[PDB]
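Let me begin by presenting the structure, written as structure tokens, before commenting on it.
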Amino acid sequence: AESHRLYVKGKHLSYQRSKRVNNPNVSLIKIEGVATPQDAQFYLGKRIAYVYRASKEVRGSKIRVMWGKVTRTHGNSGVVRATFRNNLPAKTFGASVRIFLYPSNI
Amino acid sequence: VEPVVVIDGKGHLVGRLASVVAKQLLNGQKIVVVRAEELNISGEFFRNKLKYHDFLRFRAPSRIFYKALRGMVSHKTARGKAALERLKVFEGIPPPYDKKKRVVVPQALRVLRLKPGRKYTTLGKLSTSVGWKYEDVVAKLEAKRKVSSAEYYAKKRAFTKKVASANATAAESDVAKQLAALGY
Amino acid sequence: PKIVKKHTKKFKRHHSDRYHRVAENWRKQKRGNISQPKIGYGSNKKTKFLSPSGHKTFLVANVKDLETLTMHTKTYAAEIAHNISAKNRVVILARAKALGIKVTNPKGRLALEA
Amino acid sequence: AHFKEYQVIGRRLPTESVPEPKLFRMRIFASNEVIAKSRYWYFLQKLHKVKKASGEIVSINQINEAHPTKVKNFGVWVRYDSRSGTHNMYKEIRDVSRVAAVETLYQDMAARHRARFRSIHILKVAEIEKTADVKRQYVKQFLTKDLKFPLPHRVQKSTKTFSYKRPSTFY
Amino acid sequence: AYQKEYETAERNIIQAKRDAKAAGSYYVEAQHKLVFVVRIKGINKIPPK
Amino acid sequence: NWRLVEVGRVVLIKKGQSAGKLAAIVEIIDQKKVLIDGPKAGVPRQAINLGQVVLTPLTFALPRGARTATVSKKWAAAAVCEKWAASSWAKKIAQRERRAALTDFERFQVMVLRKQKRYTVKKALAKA
Amino acid sequence: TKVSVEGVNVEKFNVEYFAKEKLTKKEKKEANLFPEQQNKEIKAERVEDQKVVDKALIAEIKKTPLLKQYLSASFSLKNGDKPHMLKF
RNA sequence: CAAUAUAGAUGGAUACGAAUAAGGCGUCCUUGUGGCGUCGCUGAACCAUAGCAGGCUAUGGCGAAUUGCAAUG
RNA sequence: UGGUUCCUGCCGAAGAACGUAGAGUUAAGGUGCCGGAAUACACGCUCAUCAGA
RNA sequence: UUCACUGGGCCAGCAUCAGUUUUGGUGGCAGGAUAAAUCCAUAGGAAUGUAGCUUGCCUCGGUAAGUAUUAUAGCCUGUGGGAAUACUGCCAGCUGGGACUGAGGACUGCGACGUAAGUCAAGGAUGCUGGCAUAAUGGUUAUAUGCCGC
């Protein structure tokens, strides 16, 4: 009744980078309540949506969605790599991005 | 997990808290830092006094911590400016934040990071020693706040004591045992 | 098949924006942030010369040229030359739709009235 | 890494008209057998004029602790090079097993003396059996009757970002 | 025959070590007449020898 | 009131192969390391650094350097398994284990029973 | 959480039963260029299948406590819900 | 144009203070630097949370479908 | 002395030999924040009235 | 003209495969001092000496310091019995998740399972479903973001 959330919100942290060269193709995601890569194994392959709201109304709504998926873990803290269909605009660093449970193993 | 995070500054280190907050603002978490005058610096008063001196060749503790924090963020970028626009810093706890809980950052605590038998430095004494003539104004407001907060906490403890009594008399019921069966 | 392109953009001369007298064709200089043409960018030999429709283009001047694409309809696609007069373009279009050959550029120099 | 005891025997080669030389046995603390054999030759050349081409290893062996449950007390002889001059050193170590004591000894020698694993040459590790042969005061500090003390470092790894508790070293 | 040969060879070497332990003497091993070598360094700054 | 590292101090290894098993300090090694054994819990006798373990406020009398069969004897005669289970902290640990053990229909029953208990408490409230 | 399927004779309808229907005569020339919208209703046989399955399924449900109300309520993720930790 | 959103809404920002080689809570008295017990050892908490994105009626009774197997919907 | 006009391929002197991509693994170098990655773990030492990194 | 069936391309999702890879869970072996330990059996030993006893100060019984080697705790060492486990290696053991890839294009080949006919994960991907003409979708520019650029 009060909640309708069938996803986990998580921050678009950054692009994959060295000190001087960043890859816009791979994006970095912080899933809330995940500190270990073993917990992030649960989130492998899961379908991700970045939800944002446009000014114009494209098809019956002003809200648009980018999609993509988790590929692999990144680092020790449970930070998670992600690849989308189109890359992110990078002004969405630190933005809330929805991570859905399908494709569910359980 | 929280929209606006309210962080007390009492008993904390400058740079470690600055690093944590500077990371979270670039992560997008909105942060207000309160009671800034009670931040603590490693080393004695005098060393840190000379460090502010040879830097100086703004006196408020908020300006000091803002300086330290702004050094860690790439401030010239638009993203860094948005991250700084997420931030609020206050000496003392002004309203409305007095009525809300203040979290602490354990990896920046003085009592955990410092070995006992080390000199530290209070930021408010430092600011007053370098020309911030408002520290007595702070403690005067904070004394009234602690009075009203002690009143609030004394009321809150009595009411939760009543809640404890009501939960105690709610016990031994079969719905309570079924919660016990489910674990609650 | 699945057409790989290997390079979406174009290959421009160094400092081509800095001067209006300097052209944008590739001329070899005689940092590495400029994409330089080389044989690694050469497309796959099956995929080479393919439209987004998936055909190979073929310039057609008149009907006798159009009849040369009679057997290879699914592979090629006819493109009317730029200098064909509008009397001949409609004849070419009628003949091509009779042959069932995809014209790359219909509606060139032509309108549909009534 | 974590070392291991090694019974290592060498016999430098029985030549023509010299059958069966004297089977020199040592005990090496090493992470593996390979560096154990290298250290064995590195001592055997210091014993007398051998080379690894001159002789051979008889038997490489790991030897465990007979009683790895009891806390034993040890007197250790070490020689090493403060680079220009050498000097011996006698240390006393309270430890459950031998090889962990040698581990902690290498850590302490690298801490206080800047000496590498190659620079340190173990002379002897032997159990001190009875009490009061502990010449060192700091091991003797733990030989008292009914010894009790509080924990230092009540600080622990908090593992989370923000704390609601205002925590306390409550010990 | 190969698998039987490997099994008999390894049991023979292990039992020879066991016979040295039972006799109280020592067993010496035959030298391994084969190794495998892996390149470690890049092509630059190598002496010609 | 302090806990002290001592023989017979029953402890709890919060981190490791035990990750929570009741053991007991049989002997001390130094300020850093000790000797423990947890033969009732199943963790064997071993040396351990003190960071990997926490002290419990429970204790009992245990002989110096006592062997494992003597250790389990004094453990059972201490009966500190029951004294541990009676402690509210071990109850909380078992509770947070049971909360992870929950099923969604179990969690829905938790929701319903919280509603019903809240109804009964709010009736019990606002009358006293 | 499990229920018994055994009361229901499910086997009748198949993959072919869910095949979405087609039109003929090119939709009868769109009724000569005039659209008609009476086709929205459900076939009654689908409703009858739903009732036949539903009776023997509710008969299974009513033996278990609180399961009807469990199926009626929906599901969402609350604050602190961590599905890698959330055993289901 | 609007009945909206802009660095990123879709359960809740859910309030003592100090000390840390100490605190808190409850209780008792001799109101103390008293005694007793408790607690921490994480919020993994607590509070809220069923009903067409939440229908219509009286533990009940009717409605949901075809948006056809995911595509903000 | 200064200048000396199209492209590509091949041959070509006096930590890592680099066609174009995708995926993985690594050298060196790092892993408080900028800044990607352990405010990991363990043991000792240093409080400097401009250590040290 | 009646009736019946069917439809291209692209982009997806799913299944079964194949190739590369990553991350799990799990089993059976083989070696050691044929693990060492522990546990059990025995004999001595000692103290950071348990019970007992003696003595002295002292809150009707606490202390202390002698005795006292097990008693009203035990420990250690020696020897004998039995495993188990650790570590290391092997498995042409089982099983799971995630990512990337789909080159090639009638058959031939090596196989394997099959009594047989046949089949197959075996000389490189096929099958099912969805969406799409006021398209689907794709491109162009100008701005913004991030990174790099004298």
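Simple scheme: letters A, B, ... for chains in structure tokens order, numbers from 1 for residues in each chain, numbers from 1 for ligands in the order shown.
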
Skip residue D:35 itself and residues of its chain fewer than 4 positions away, then list as JSON, numbers by chain all residues within 12 Å of it, counting only C-alpha atoms (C1' of nucleotides).
{"D": [1, 3, 4, 5, 6, 8, 28, 29, 30, 31, 39, 40, 41, 42, 60, 117, 118]}

Writing out the chosen residues with N, CA, C and O atoms as a PDB file, in the first residue's frame:
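The resulting file, selection.pdb, is reproduced below:
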```
ATOM      1  N   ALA D   1      56.747 -15.615   4.080  1.00  0.00           N
ATOM      2  CA  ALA D   1      55.489 -16.250   4.445  1.00  0.00           C
ATOM      3  C   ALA D   1      55.623 -17.052   5.728  1.00  0.00           C
ATOM      4  O   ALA D   1      56.619 -16.945   6.443  1.00  0.00           O
ATOM      5  N   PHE D   3      56.615 -19.959   7.877  1.00  0.00           N
ATOM      6  CA  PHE D   3      57.701 -20.886   7.633  1.00  0.00           C
ATOM      7  C   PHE D   3      57.326 -22.293   8.060  1.00  0.00           C
ATOM      8  O   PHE D   3      56.196 -22.577   8.469  1.00  0.00           O
ATOM      9  N   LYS D   4      58.314 -23.175   7.973  1.00  0.00           N
ATOM     10  CA  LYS D   4      58.206 -24.597   8.254  1.00  0.00           C
ATOM     11  C   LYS D   4      59.571 -25.084   8.704  1.00  0.00           C
ATOM     12  O   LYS D   4      60.595 -24.609   8.204  1.00  0.00           O
ATOM     13  N   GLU D   5      59.579 -26.032   9.634  1.00  0.00           N
ATOM     14  CA  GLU D   5      60.813 -26.689  10.027  1.00  0.00           C
ATOM     15  C   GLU D   5      61.219 -27.702   8.964  1.00  0.00           C
ATOM     16  O   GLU D   5      60.377 -28.298   8.289  1.00  0.00           O
ATOM     17  N   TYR D   6      62.527 -27.893   8.812  1.00  0.00           N
ATOM     18  CA  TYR D   6      63.046 -28.815   7.814  1.00  0.00           C
ATOM     19  C   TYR D   6      64.303 -29.498   8.318  1.00  0.00           C
ATOM     20  O   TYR D   6      65.337 -28.850   8.491  1.00  0.00           O
ATOM     21  N   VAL D   8      67.247 -31.173   7.117  1.00  0.00           N
ATOM     22  CA  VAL D   8      67.934 -31.172   5.834  1.00  0.00           C
ATOM     23  C   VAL D   8      69.300 -31.789   6.072  1.00  0.00           C
ATOM     24  O   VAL D   8      70.043 -31.330   6.941  1.00  0.00           O
ATOM     25  N   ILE D  28      66.274 -26.217   9.142  1.00  0.00           N
ATOM     26  CA  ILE D  28      66.073 -24.924   8.501  1.00  0.00           C
ATOM     27  C   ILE D  28      64.615 -24.507   8.646  1.00  0.00           C
ATOM     28  O   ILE D  28      63.703 -25.321   8.487  1.00  0.00           O
ATOM     29  N   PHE D  29      64.397 -23.233   8.954  1.00  0.00           N
ATOM     30  CA  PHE D  29      63.070 -22.635   8.987  1.00  0.00           C
ATOM     31  C   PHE D  29      62.858 -21.896   7.679  1.00  0.00           C
ATOM     32  O   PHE D  29      63.509 -20.877   7.432  1.00  0.00           O
ATOM     33  N   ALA D  30      61.955 -22.401   6.848  1.00  0.00           N
ATOM     34  CA  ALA D  30      61.745 -21.781   5.548  1.00  0.00           C
ATOM     35  C   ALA D  30      60.309 -21.998   5.103  1.00  0.00           C
ATOM     36  O   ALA D  30      59.644 -22.947   5.511  1.00  0.00           O
ATOM     37  N   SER D  31      59.853 -21.104   4.227  1.00  0.00           N
ATOM     38  CA  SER D  31      58.483 -21.156   3.732  1.00  0.00           C
ATOM     39  C   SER D  31      58.262 -22.359   2.823  1.00  0.00           C
ATOM     40  O   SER D  31      57.150 -22.892   2.741  1.00  0.00           O
ATOM     41  N   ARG D  39      69.160 -22.179   1.633  1.00  0.00           N
ATOM     42  CA  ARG D  39      69.707 -21.734   2.906  1.00  0.00           C
ATOM     43  C   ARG D  39      70.624 -22.793   3.508  1.00  0.00           C
ATOM     44  O   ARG D  39      71.612 -22.465   4.180  1.00  0.00           O
ATOM     45  N   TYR D  40      70.303 -24.066   3.273  1.00  0.00           N
ATOM     46  CA  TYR D  40      71.147 -25.157   3.737  1.00  0.00           C
ATOM     47  C   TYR D  40      72.516 -25.117   3.084  1.00  0.00           C
ATOM     48  O   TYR D  40      73.536 -25.269   3.763  1.00  0.00           O
ATOM     49  N   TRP D  41      72.558 -24.904   1.766  1.00  0.00           N
ATOM     50  CA  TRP D  41      73.838 -24.687   1.099  1.00  0.00           C
ATOM     51  C   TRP D  41      74.507 -23.408   1.570  1.00  0.00           C
ATOM     52  O   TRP D  41      75.738 -23.359   1.692  1.00  0.00           O
ATOM     53  N   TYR D  42      73.710 -22.385   1.869  1.00  0.00           N
ATOM     54  CA  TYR D  42      74.248 -21.101   2.288  1.00  0.00           C
ATOM     55  C   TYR D  42      74.904 -21.195   3.662  1.00  0.00           C
ATOM     56  O   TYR D  42      75.826 -20.435   3.969  1.00  0.00           O
ATOM     57  N   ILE D  60      65.414 -33.972   2.484  1.00  0.00           N
ATOM     58  CA  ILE D  60      64.614 -32.836   2.920  1.00  0.00           C
ATOM     59  C   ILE D  60      63.371 -33.360   3.627  1.00  0.00           C
ATOM     60  O   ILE D  60      62.714 -34.296   3.155  1.00  0.00           O
ATOM     61  N   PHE D 117      65.857 -11.469   5.654  1.00  0.00           N
ATOM     62  CA  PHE D 117      65.810 -12.897   5.937  1.00  0.00           C
ATOM     63  C   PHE D 117      67.124 -13.569   5.567  1.00  0.00           C
ATOM     64  O   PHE D 117      67.519 -14.570   6.175  1.00  0.00           O
ATOM     65  N   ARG D 118      67.825 -13.019   4.573  1.00  0.00           N
ATOM     66  CA  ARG D 118      69.127 -13.558   4.209  1.00  0.00           C
ATOM     67  C   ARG D 118      70.204 -13.136   5.201  1.00  0.00           C
ATOM     68  O   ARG D 118      71.185 -13.862   5.395  1.00  0.00           O
TER      69      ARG D 118
END
```

Near chain H, meaning an atom within 6 Å, which residues of chain A appear when counting only C-alpha atoms (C1' of nucleotides)? Write them as a ChimeraX atom specification.
/A:2-3,64-65,95

Using 12 Å as the limit and counting only C-alpha atoms (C1' of nucleotides), can you tabulate each residue of chain H that touches chain D, with its shortest atom-to-atom distance in Å and the two atoms involved, as a tab-separated table?
```
residue	atom	partner	partner_atom	distance
H:14	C1'	D:164	CA	10.4
H:15	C1'	D:164	CA	11.4
H:17	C1'	D:166	CA	11.5
H:18	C1'	D:166	CA	11.3
H:19	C1'	D:168	CA	9.0
H:20	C1'	D:169	CA	5.6
H:21	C1'	D:171	CA	9.2
H:22	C1'	D:170	CA	6.2
H:23	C1'	D:170	CA	7.1
H:24	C1'	D:170	CA	10.6
H:39	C1'	D:170	CA	11.0
H:40	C1'	D:170	CA	7.4
H:41	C1'	D:170	CA	9.2
H:42	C1'	D:165	CA	7.8
H:43	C1'	D:164	CA	7.1
H:44	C1'	D:160	CA	12.0
H:45	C1'	D:164	CA	10.1
```

Give as a PDB file with N, CA, C and O atoms, in the first residue's frame every residue of chain A that touches chain I within 10 Å, counting only C-alpha atoms (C1' of nucleotides).
```pdb
ATOM      1  N   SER A  14      30.668   6.261 -11.135  1.00  0.00           N
ATOM      2  CA  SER A  14      31.611   6.818 -12.095  1.00  0.00           C
ATOM      3  C   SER A  14      31.716   5.933 -13.325  1.00  0.00           C
ATOM      4  O   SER A  14      31.002   4.940 -13.481  1.00  0.00           O
ATOM      5  N   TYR A  15      32.623   6.337 -14.209  1.00  0.00           N
ATOM      6  CA  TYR A  15      33.131   5.554 -15.317  1.00  0.00           C
ATOM      7  C   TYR A  15      34.387   4.807 -14.892  1.00  0.00           C
ATOM      8  O   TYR A  15      35.099   5.219 -13.975  1.00  0.00           O
ATOM      9  N   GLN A  16      34.660   3.705 -15.582  1.00  0.00           N
ATOM     10  CA  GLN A  16      35.899   2.976 -15.354  1.00  0.00           C
ATOM     11  C   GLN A  16      37.078   3.783 -15.860  1.00  0.00           C
ATOM     12  O   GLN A  16      37.091   4.220 -17.013  1.00  0.00           O
ATOM     13  N   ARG A  17      38.078   3.978 -15.006  1.00  0.00           N
ATOM     14  CA  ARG A  17      39.102   4.945 -15.353  1.00  0.00           C
ATOM     15  C   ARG A  17      40.451   4.543 -14.788  1.00  0.00           C
ATOM     16  O   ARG A  17      40.549   3.807 -13.804  1.00  0.00           O
ATOM     17  N   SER A  18      41.488   5.036 -15.449  1.00  0.00           N
ATOM     18  CA  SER A  18      42.813   5.183 -14.870  1.00  0.00           C
ATOM     19  C   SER A  18      42.898   6.584 -14.264  1.00  0.00           C
ATOM     20  O   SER A  18      41.877   7.252 -14.094  1.00  0.00           O
ATOM     21  N   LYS A  19      44.100   7.052 -13.932  1.00  0.00           N
ATOM     22  CA  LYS A  19      44.226   8.422 -13.444  1.00  0.00           C
ATOM     23  C   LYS A  19      43.985   9.426 -14.567  1.00  0.00           C
ATOM     24  O   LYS A  19      43.523  10.547 -14.325  1.00  0.00           O
ATOM     25  N   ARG A  20      44.242   9.029 -15.810  1.00  0.00           N
ATOM     26  CA  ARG A  20      44.167   9.960 -16.924  1.00  0.00           C
ATOM     27  C   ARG A  20      43.145   9.574 -17.989  1.00  0.00           C
ATOM     28  O   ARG A  20      42.718  10.441 -18.752  1.00  0.00           O
ATOM     29  N   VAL A  21      42.740   8.311 -18.078  1.00  0.00           N
ATOM     30  CA  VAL A  21      41.850   7.892 -19.154  1.00  0.00           C
ATOM     31  C   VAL A  21      40.665   7.135 -18.579  1.00  0.00           C
ATOM     32  O   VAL A  21      40.821   6.108 -17.913  1.00  0.00           O
ATOM     33  N   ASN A  22      39.468   7.637 -18.872  1.00  0.00           N
ATOM     34  CA  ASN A  22      38.228   7.031 -18.419  1.00  0.00           C
ATOM     35  C   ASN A  22      37.505   6.335 -19.566  1.00  0.00           C
ATOM     36  O   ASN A  22      37.501   6.801 -20.705  1.00  0.00           O
ATOM     37  N   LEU A  28      30.192   2.413 -13.156  1.00  0.00           N
ATOM     38  CA  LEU A  28      30.445   1.901 -11.819  1.00  0.00           C
ATOM     39  C   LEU A  28      29.224   2.203 -10.962  1.00  0.00           C
ATOM     40  O   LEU A  28      28.709   3.322 -10.990  1.00  0.00           O
ATOM     41  N   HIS A  74      33.701  -5.071  -8.974  1.00  0.00           N
ATOM     42  CA  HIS A  74      34.790  -4.122  -9.175  1.00  0.00           C
ATOM     43  C   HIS A  74      35.322  -3.729  -7.802  1.00  0.00           C
ATOM     44  O   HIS A  74      34.675  -2.973  -7.077  1.00  0.00           O
ATOM     45  N   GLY A  75      36.495  -4.239  -7.457  1.00  0.00           N
ATOM     46  CA  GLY A  75      37.121  -3.870  -6.210  1.00  0.00           C
ATOM     47  C   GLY A  75      36.670  -4.728  -5.051  1.00  0.00           C
ATOM     48  O   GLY A  75      36.013  -5.758  -5.201  1.00  0.00           O
ATOM     49  N   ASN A  76      37.031  -4.275  -3.857  1.00  0.00           N
ATOM     50  CA  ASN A  76      36.760  -5.021  -2.640  1.00  0.00           C
ATOM     51  C   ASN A  76      35.471  -4.602  -1.957  1.00  0.00           C
ATOM     52  O   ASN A  76      34.886  -5.408  -1.229  1.00  0.00           O
ATOM     53  N   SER A  77      35.005  -3.379  -2.180  1.00  0.00           N
ATOM     54  CA  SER A  77      33.890  -2.846  -1.412  1.00  0.00           C
ATOM     55  C   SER A  77      32.531  -3.263  -1.947  1.00  0.00           C
ATOM     56  O   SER A  77      31.518  -2.763  -1.454  1.00  0.00           O
ATOM     57  N   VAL A  79      31.612  -2.703  -5.079  1.00  0.00           N
ATOM     58  CA  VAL A  79      31.268  -1.811  -6.176  1.00  0.00           C
ATOM     59  C   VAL A  79      31.162  -2.647  -7.443  1.00  0.00           C
ATOM     60  O   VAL A  79      31.924  -3.596  -7.650  1.00  0.00           O
TER      61      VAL A  79
END
```

Residues of chain D were defined as contacting chain E if any atom lay at most 9 Å from it, counting only C-alpha atoms; please report them as a list in words.
residues 57, 58 and 59 of chain D

With C-alpha atoms retained, export the selected residues as a PDB file, in the first residue's frame.
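The result, written out as result.pdb:
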```pdb
ATOM      1  CA  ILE D  57      71.221 -32.983  -0.231  1.00  0.00           C
ATOM      2  CA  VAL D  58      70.437 -36.287   1.457  1.00  0.00           C
ATOM      3  CA  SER D  59      66.919 -35.836   2.779  1.00  0.00           C
TER       4      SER D  59
END
```

Interface list for chain B, partner chain A, 9 Å threshold, only C-alpha atoms, as a ChimeraX atom specification
/B:1,24-29,79

Would you list the contacts of stretch 55-65 of chain G as a short mmCIF file (atom, residue, chain, number, x, y, z; two decimals) with N, CA, C and O atoms, in the first residue's frame, taking every protein, DNA or RNA residue within 7 Å and counting only C-alpha atoms (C1' of nucleotides), but skipping same-chain residues closer than 4 positions in sequence?
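Here's the written file part_6.cif:
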```cif
data_model
loop_
_atom_site.label_atom_id
_atom_site.label_comp_id
_atom_site.auth_asym_id
_atom_site.auth_seq_id
_atom_site.Cartn_x
_atom_site.Cartn_y
_atom_site.Cartn_z
N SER G 4 -0.58 -27.88 -2.68
CA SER G 4 -0.78 -29.06 -3.51
C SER G 4 -1.52 -28.71 -4.79
O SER G 4 -2.59 -28.08 -4.75
N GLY G 7 -5.32 -31.35 -6.64
CA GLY G 7 -6.76 -31.27 -6.75
C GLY G 7 -7.24 -30.82 -8.12
O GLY G 7 -8.41 -30.96 -8.45
N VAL G 8 -6.34 -30.26 -8.92
CA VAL G 8 -6.72 -29.62 -10.17
C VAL G 8 -6.26 -30.49 -11.34
O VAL G 8 -5.15 -31.03 -11.32
N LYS G 51 -12.78 -20.85 -13.24
CA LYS G 51 -13.63 -21.26 -12.13
C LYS G 51 -13.33 -22.69 -11.69
O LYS G 51 -13.27 -22.97 -10.48
#
```

A straight line from atom CA of residue B:74 to atom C1' of residue I:15 spans 29.6 Å

Using only C-alpha atoms (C1' of nucleotides), determine which residues lie at most 9 Å from residue H:52, disregarding the query and same-chain residues fewer than 3 positions distant; provide the list as a ChimeraX atom specification.
/H:55,63-64

Find the spatial neighbours of residue F:60, counting only C-alpha atoms (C1' of nucleotides), within a cut-off of 8 Å - ignore same-chain residues fewer than 2 positions away - and output them as a list in words.
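The filter keeps residues 8, 9, 10, 58, 62 and 78 of chain F.
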
Dump as a list in words the residues of chain D that approach chain F to within 9 Å, counting only C-alpha atoms.
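That gives the following set of residues: residues 68, 69, 70, 71, 94, 95, 96, 139, 142, 146, 147, 148, 149, 150, 151, 152, 153, 156 and 171 of chain D.
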
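Using only C-alpha atoms (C1' of nucleotides), the shortest contact distance between chain E and any of I:18, I:27, I:10, I:50 is found at I:27.
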
Proximity of chain E to chain J: per-residue shortest pair, 12 Å limit, only C-alpha atoms (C1' of nucleotides), as a Markdown table:
```
| residue | atom | partner | partner_atom | distance |
| --- | --- | --- | --- | --- |
| E:3 | CA | J:92 | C1' | 11.8 |
| E:7 | CA | J:30 | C1' | 11.0 |
| E:10 | CA | J:30 | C1' | 10.3 |
| E:11 | CA | J:30 | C1' | 10.1 |
| E:13 | CA | J:31 | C1' | 11.8 |
| E:14 | CA | J:31 | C1' | 8.5 |
| E:15 | CA | J:34 | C1' | 11.0 |
| E:17 | CA | J:31 | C1' | 11.2 |
| E:18 | CA | J:34 | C1' | 9.0 |
| E:21 | CA | J:33 | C1' | 10.1 |
| E:22 | CA | J:34 | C1' | 11.6 |
```

Export of prior selection with N, CA and C atoms as a compact mmCIF listing (two decimals), in the first residue's frame:
```
# COMPACT_ATOMS: atom_id res chain seq x y z
N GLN E 3 48.97 -45.92 -18.28
CA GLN E 3 48.41 -45.60 -16.98
C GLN E 3 48.88 -46.58 -15.92
N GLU E 7 51.24 -45.69 -12.60
CA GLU E 7 50.82 -46.13 -11.27
C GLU E 7 51.88 -47.00 -10.62
N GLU E 10 54.97 -44.70 -9.68
CA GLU E 10 54.79 -43.83 -8.51
C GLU E 10 54.70 -44.65 -7.23
N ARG E 11 54.04 -45.82 -7.28
CA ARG E 11 53.99 -46.68 -6.11
C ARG E 11 55.36 -47.27 -5.79
N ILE E 13 58.33 -45.72 -6.40
CA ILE E 13 59.17 -44.68 -5.82
C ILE E 13 58.75 -44.39 -4.38
N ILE E 14 57.43 -44.36 -4.14
CA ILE E 14 56.93 -44.12 -2.79
C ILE E 14 57.26 -45.28 -1.87
N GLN E 15 57.20 -46.50 -2.39
CA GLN E 15 57.52 -47.65 -1.57
C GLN E 15 59.03 -47.76 -1.36
N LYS E 17 60.93 -45.08 -0.95
CA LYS E 17 61.09 -44.15 0.17
C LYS E 17 60.64 -44.78 1.48
N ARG E 18 59.55 -45.54 1.43
CA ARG E 18 59.08 -46.26 2.61
C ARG E 18 60.07 -47.34 3.04
N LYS E 21 62.82 -45.59 4.85
CA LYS E 21 62.39 -45.28 6.21
C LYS E 21 62.33 -46.53 7.08
N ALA E 22 61.93 -47.66 6.49
CA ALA E 22 61.84 -48.91 7.24
C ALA E 22 63.23 -49.46 7.53
```

Mind listing as a list in words which residues of chain I are within 12 Å of chain F, counting only C-alpha atoms (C1' of nucleotides)?
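In the required form, that comes to residues 41, 42 and 43 of chain I.
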
Find the residues near residue D:110: any atom within 10 Å, counting only C-alpha atoms (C1' of nucleotides), skip ones fewer than 4 places away on the same chain, and give them as a PyMOL selection string.
(chain D and resi 104-106+114-117+119-120) or (chain I and resi 43-44)

Export of the given selection (C-alpha atoms (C1' of nucleotides)) as a PDB file, in the first residue's frame:
```
ATOM      1  CA  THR D 104      57.826 -13.599  15.280  1.00  0.00           C
ATOM      2  CA  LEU D 105      61.597 -13.460  15.735  1.00  0.00           C
ATOM      3  CA  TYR D 106      62.128 -12.598  12.065  1.00  0.00           C
ATOM      4  CA  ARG D 114      66.403  -3.570   9.512  1.00  0.00           C
ATOM      5  CA  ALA D 115      67.822  -6.988   8.701  1.00  0.00           C
ATOM      6  CA  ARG D 116      66.600  -9.195   5.891  1.00  0.00           C
ATOM      7  CA  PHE D 117      65.810 -12.897   5.937  1.00  0.00           C
ATOM      8  CA  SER D 119      71.062 -11.459   6.735  1.00  0.00           C
ATOM      9  CA  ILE D 120      69.661 -13.379   9.702  1.00  0.00           C
TER      10      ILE D 120
ATOM     11  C1'   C I  43      54.220  -6.769  14.372  1.00  0.00           C
ATOM     12  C1'   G I  44      57.535  -3.168  16.174  1.00  0.00           C
TER      13        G I  44
END
```

Check stretch 73-103 of chain F with DSSP on the backbone and list each residue it calls helix (DSSP H, G or I), as a ChimeraX atom specification.
/F:73-78,80-85,88-100

Would you give me, as a PyMOL selection string, the residues of chain G that come within 8 Å of chain H, using only C-alpha atoms (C1' of nucleotides)?
chain G and resi 18+20+40-42+69-70+72-74+78-79

Report as CSV: every residue of chain D with an atom at most 8 Å from chain I, its closest pair of atoms, and their distance in Å to one decimal, counting only C-alpha atoms (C1' of nucleotides), with rows sorted by chain and ascending residue number.
```
residue,atom,partner,partner_atom,distance
D:104,CA,I:43,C1',7.8
D:107,CA,I:43,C1',6.4
D:108,CA,I:44,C1',6.4
D:111,CA,I:44,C1',5.2
D:112,CA,I:44,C1',6.9
```

Can you write just those residues out, C-alpha atoms, as an mmCIF file, in the first residue's frame?
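Listed below is the output, again-v4.cif:
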```cif
data_model
loop_
_atom_site.group_PDB
_atom_site.id
_atom_site.type_symbol
_atom_site.label_atom_id
_atom_site.label_comp_id
_atom_site.auth_asym_id
_atom_site.auth_seq_id
_atom_site.Cartn_x
_atom_site.Cartn_y
_atom_site.Cartn_z
ATOM 1 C CA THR D 104 57.826 -13.599 15.280
ATOM 2 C CA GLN D 107 59.424 -9.949 12.341
ATOM 3 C CA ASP D 108 61.082 -8.462 15.413
ATOM 4 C CA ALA D 111 61.486 -4.317 12.982
ATOM 5 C CA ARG D 112 64.355 -3.378 15.294
#
```

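Shell of residue J:136 at 10 Å, with only C-alpha atoms (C1' of nucleotides) counted and residues fewer than 2 places along the chain excluded, is residues 10, 11, 131, 132, 133 and 138 of chain J.
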